């Protein structure tokens, strides 16, 4: 029943309220942090669609349920590892969820602005899909950087170097996200 705006806003509130409260616990315990992130973001994120897009359908169709699942576990845990600290260190304010424009009932867009302590406003564009009546986040753009595209390219590069070996690409995906981070930070 939640509109794209409500999904993004409510999830934002829910996440930050939890991080503010249990910051110290999550710092000393990555697993507890991981569980909360999955618990809060999981129901509103299309992990499968995100994974298929990163892998491209050509190779996603050549991935067993095991391989697909090992990849999601790796990816997520790597994201927390290389971006989670930035979340825990949030003691800022002024999160603006822009008024969401109309949708086609299948695809939706929601804008967000984050005001840092410096005062610099960073733009964030959420793309949501309607899966089985529910809106879930399919992709995100940060500072004009398409994240879905970023990791898609990184996966492609990895596959090229690994001779299109899925297992090798998935097993070393954490280091690929690490490269992705610095690749994005330099931009």
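Numbering follows the first chain given and starts at 1.
Undergrad: Taking only the CA atoms, which stretch has the higher mean B-factor in the record, 134-142 or 65-73?
TA: Taking the mean B-factor of the alpha carbons in each, 134-142 is higher.
Undergrad: Per the entry, where is the mean C-alpha temperature factor higher: 38-46 or 114-122?
TA: Comparing 38-46 with 114-122, the higher mean C-alpha B-factor belongs to 114-122.
Undergrad: Check the PDB entry and point out which of 128, 147, 156, 32 has the largest C-alpha temperature factor.
TA: 147 has the highest C-alpha B-factor of those listed.
Undergrad: Within this chain, which third does the Cα B-factor at residue 24 fall in: lowest, middle or highest?
TA: As the PDB entry reports it, the C-alpha B-factor of residue 24 lands in the lowest third of its chain.
Undergrad: Hey, what third does residue 108 fall into on Cα B-factor, ranked over its chain?
TA: It falls in the bottom third of the chain.
Undergrad: Could you say whether, by C-alpha temperature factor, residue 15 belongs to the lowest, middle or highest third of its chain?
TA: Lowest third, going by the recorded CA B-factors of the chain.
Undergrad: Among the modelled residues of its chain, does the C-alpha B-factor of residue 170 lie in the lowest, middle or highest third?
TA: As the PDB entry reports it, the C-alpha B-factor of residue 170 lands in the lowest third of its chain.
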